[PDB]
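Each value in this text was obtained by applying a stated rule to the coordinates, not by laboratory testing. Cβ placement follows ideal geometry from the backbone for every residue including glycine, while neighbour counts extend to all protein chains displayed.
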Amino acid sequence: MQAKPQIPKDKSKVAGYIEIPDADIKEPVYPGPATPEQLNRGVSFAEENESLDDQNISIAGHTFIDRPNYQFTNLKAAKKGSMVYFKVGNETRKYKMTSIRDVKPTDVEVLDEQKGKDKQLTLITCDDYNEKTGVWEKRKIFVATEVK
Ligand SMILES: *Sc1ccccc1C(=O)NCC(=O)N[C@]12C[C@H]3C[C@H](C[C@H](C3)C1)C2
């Protein structure tokens, strides 16, 4: 049998599986802190807390250009009323993409963050990425709130 997984630093393990049927997405999420390298290899958490038991789950990723091998390349299809399945081991947590918008760069304080939240996965999918100069023309923020 299995159990509730924890969030380690090792990026070889899978703590959760991100599955979005509308976008045919079925990709492993790489648990741990955010590192520039790993965020170019797949999707990892932005939260420094090893707790996936918390209601605030921030995950970071990158958009698609020439490479369809990014875990959210087809995220363009998914709508604000689709189903985001965050599978932790065997437990399937369904979230709805209630809050979707692609905002402008520079301003990280475009939205006010607080600890008064619901169960939401806060995915930071930068809709651009030049590693050379370290720039991105857009940050597409996607917040999925837990459904029952
Ligand atoms: S998209 C990207 C890629 C690499 C480094 C940094 C970023 C980036 O733009 N991140 C900043 C960011 O999204 N900041 C937050 C701050 C608050 C309010 C929003 C949602 C979340 C908590 C991340 C924007």
Inset, instruction - Within segment 111-143, track down each residue that is of a type in the set (V, I, T) and either over 19 Å from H62 (Cα atoms) or more than 11 Å from the ligand (Cβ to nearest atom) (or both). - result: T133
Inset, instruction - Please find, among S51, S58, the residue that is within 14 Å of the chain's Cα centre (by Cα), of a type outside the set (D, E) and closer than 22 Å to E113 by Cα. - result: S58
Inset, instruction - State all residues of segment 70-99 that are away from the ligand (no atom under 13 Å from the Cβ), surrounded by 13 or more Cβ atoms within 10 Å (Cβ to Cβ) and assigned to a strand (DSSP E or B); if no residue qualifies, say none. - result: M83, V84, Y85, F86, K87, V88, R93, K94, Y95, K96, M97, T98
Inset, instruction - Identify all residues within segment 101-142 that are more than 20 Å from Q38 (Cα to Cα), touching a residue at least 60 places away in the same chain (Cβ under 8 Å) and among the hydrophobic types (A, V, I, L, M, F, W, C); write none if there are none. - result: none
Legend entry - Filtered residues of segment 66-100 (kept if in contact (Cβ under 8 Å) with a residue 60 or more places away in the chain and either at positive phi or not polar (S, T, N, Q) (or both)): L75, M83, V84, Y85, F86, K87, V88, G89, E91
Inset, instruction - Check segment 48-66 and report whether any residue there is away from the ligand (no atom under 16 Å from the Cβ), crowded, with 16+ Cβ neighbours inside 10 Å and not β-branched (V, I, T). - result: yes
Inset, instruction - For segment 32-39, indicate whether the set of residues that are closer than 17 Å to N56 by Cα, free of Cβ contacts under 8 Å to residues at least 40 places away in the same chain and more than 14 Å from the ligand (Cβ to nearest atom) is non-empty. - result: yes
Legend entry - Matching residues in segment 9-31 - criterion: being closer than 22 Å to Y85 by Cβ and either within 16 Å of the ligand (Cβ to nearest atom) or in a loop (DSSP other than H, G, I, E, B) (or both): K11, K13, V14, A15, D24, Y30, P31
Legend entry - Residue ID - surrounded by the fewest Cβ atoms within 10 Å (Cβ to Cβ), chosen from residues in segment 7-47 that are over 20 Å from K94 (Cβ atoms) and among the hydroxyl-bearing types (S, T, Y): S12
Legend entry - Number of positions in segment 101-148 that are of a type in the set (D, E, K, R) and farther than 26 Å from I65 by Cα: 9
Inset, instruction - Restrict the check to segment 136-145 and report whether at least one residue is over 13 Å from the mean Cα position of the chain (by Cα) and outside any loop (DSSP other than H, G, I, E, B). - result: no
